[PDB]
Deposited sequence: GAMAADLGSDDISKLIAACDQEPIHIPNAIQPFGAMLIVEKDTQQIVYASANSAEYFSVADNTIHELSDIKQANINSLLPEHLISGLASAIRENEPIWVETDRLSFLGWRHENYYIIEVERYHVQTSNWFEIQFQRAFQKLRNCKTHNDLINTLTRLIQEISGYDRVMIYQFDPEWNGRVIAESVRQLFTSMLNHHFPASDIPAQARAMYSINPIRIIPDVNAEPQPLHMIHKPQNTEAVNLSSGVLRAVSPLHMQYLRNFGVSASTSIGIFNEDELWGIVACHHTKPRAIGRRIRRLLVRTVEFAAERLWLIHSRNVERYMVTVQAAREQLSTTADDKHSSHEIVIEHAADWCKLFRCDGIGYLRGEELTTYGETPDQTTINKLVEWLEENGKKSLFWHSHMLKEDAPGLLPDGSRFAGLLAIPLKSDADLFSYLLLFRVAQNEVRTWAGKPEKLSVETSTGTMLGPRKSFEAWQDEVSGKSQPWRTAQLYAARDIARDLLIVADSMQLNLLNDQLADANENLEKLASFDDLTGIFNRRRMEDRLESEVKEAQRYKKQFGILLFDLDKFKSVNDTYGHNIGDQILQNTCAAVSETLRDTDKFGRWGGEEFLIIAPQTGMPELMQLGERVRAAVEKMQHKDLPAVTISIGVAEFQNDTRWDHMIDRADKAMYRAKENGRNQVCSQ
């Protein structure tokens, strides 16, 4: 069927070599100055200008300077730019002429001087009423009422195009005979691209009678070129018979349409229908078009304002995000508090926020698993786009949602994880003015799609689509998302200061204490002993060291076990630690041997301390554990150079204790 629809582009509507009979036309060669073509009814129009003209053939012996007003000839001689029509009227005739390539085209219509202030009053009323429209709907509806009152046509409709060139009636004024066509959808094939390009050449098209026989152009003088002359810039250009039969099927006897332009883009048309033939003069034409231009600018102003108003609204919501942010709320608390507002702001059914492994959801959302399938596919899709968005997910990302999913729209903002905005598919029921009909029709250009027969309402539905994401919403969603990224970063700065604090604290704990025992490791004993020697050498202080070791401990390991032995080491440190004085430092020196540094202690008290420790390890509680004894060497600071000599004395003393029976204390 696609080939039939595409075939419409064969018919050359700019060169039909015929006109509608509500006027007449001449075609003049610029250099030759001769009339080379004239419409078949030229005689009944120019006989007003020249009495001699009775038949068409008389125009062959006629001169243009007898048929055209001096102002029109002067105007054509003067114009440099092409296709800029000149309007010159006389007492009984209204002339419209322009230059095109090597030809001058001149249309003539019957004209009656009508004097009134009607047009000016209507223009003032139209501008005042359009100026008072402040919303989209008001403008288009006021436009339809104004066009109906000005033109008198029984049905006026604003017909907006889709990006695919299909259309919808978005405003309508309908009287007693016509049926209402509001919100009905029409297919692209109704207006081929060639036909749409006409409005850019002449903004108004007029068909005063669908059944009026077209008047062909007859040759009069042999042109130099002979190729058909382009008639696009005028108003008399004959209508394709396909579109006439189209209008008949629509129940329309006469129509007029005006293109709606946004700069150079064709945004829609004002379509007017009547149940009987209906001519409109040049002044009512100019009124209609001037009105439509003003209304159009007004509508673009409303559109460009609602963009700025929406921006202000987004700024307001983002301002609300940071009123909660100072109160130290989490980002998940913020999403739950404001997500209902965002759904209105973004015209979406649901929101999901993912940061790390945690997920916050509001409204209609896929499951956490499906959300993660989405996120991962978003990463592996790898688009560098600041956001990713689709109103038909099943087509853009197949196999991604579950079987039967209702979601169609997704807007995803990547952060450093993701912000997701979900839109349920809206199952819009569309009412078309007639089914699409595969009807072939042969024409002088070839075979093409024929005009449909029925215009009665027919509904169809489109599934798997949502509303499209307007660009203003993409930027708002991204900015909201980044306002969340700022919240999370601060909370994580607090968390990371906490965790780094704990890490450094535990690191300090491990830098100074043996893991199994809990007392000071060997490096810390080495440090304390060296500084104790330095102090004792400067100020002649008195201190001693106790270097003890566990007796036959291998027998404990092999007879009992390593676990029992380790509890014995812990028991021995627990028993020794309560014995010690507050100034003394106690540490694990190597393996099973331990060190005690006793400052401010002379030799008798030092030996006594060794006795308290040795007796302390004996009495400590077994709790079903083997009996254990320690052997203590003892040394005192005797004007030593290095602490190594002191540990040497204590070590020799301790091994001397081992030989005299493993329980004694020796120095």
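Going by the record, the unmodelled stretches of the deposited sequence, in order, are 1-11, 428-433, 685.
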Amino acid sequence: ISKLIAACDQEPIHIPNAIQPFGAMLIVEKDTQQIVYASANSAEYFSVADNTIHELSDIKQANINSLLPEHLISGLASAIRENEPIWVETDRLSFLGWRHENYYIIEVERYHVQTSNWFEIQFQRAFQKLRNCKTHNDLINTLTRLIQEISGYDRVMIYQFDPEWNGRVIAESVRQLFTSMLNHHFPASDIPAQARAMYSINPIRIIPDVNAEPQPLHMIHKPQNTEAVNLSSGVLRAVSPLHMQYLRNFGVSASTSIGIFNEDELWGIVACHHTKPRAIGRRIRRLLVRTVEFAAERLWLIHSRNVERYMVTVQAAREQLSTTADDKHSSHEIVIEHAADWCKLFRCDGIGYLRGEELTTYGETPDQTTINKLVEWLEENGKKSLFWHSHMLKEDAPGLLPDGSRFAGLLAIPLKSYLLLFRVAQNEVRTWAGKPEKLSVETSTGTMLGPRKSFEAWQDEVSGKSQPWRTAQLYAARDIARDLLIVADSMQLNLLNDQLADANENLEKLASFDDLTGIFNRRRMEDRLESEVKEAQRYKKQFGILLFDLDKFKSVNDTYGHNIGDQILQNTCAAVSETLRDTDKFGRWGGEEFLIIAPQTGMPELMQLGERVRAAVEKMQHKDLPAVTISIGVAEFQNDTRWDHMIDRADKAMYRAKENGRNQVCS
From here on, numbers count along this sequence of modelled residues.
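Averaged over CA atoms, B-factors in the entry run higher in 326-334 than in the other of 238-246 and 326-334.
Mean CA temperature factor is higher for 47-55 when stretches 47-55 and 33-41 are set side by side in the entry.
For the set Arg205, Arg581, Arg452, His273, the PDB entry assigns the largest Cα B-factor to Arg452. Highest CA B-factor among the listed residues (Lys222, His112, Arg155, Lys534): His112. Placement of the Cα temperature factor of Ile13 within the chain: lowest third of the modelled residues, per the deposited record. Per-chain ranking of the deposited C-alpha B factor places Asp264 in the middle third. In the deposited entry, the Cα temperature factor of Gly633 places it in the middle third of its chain's modelled residues. Among all modelled residues in its chain, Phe422 ranks in the middle third by Cα B-factor. Per the deposited record, the Cα B-factor of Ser232 falls in the middle third when ranked against the other modelled residues of its chain.
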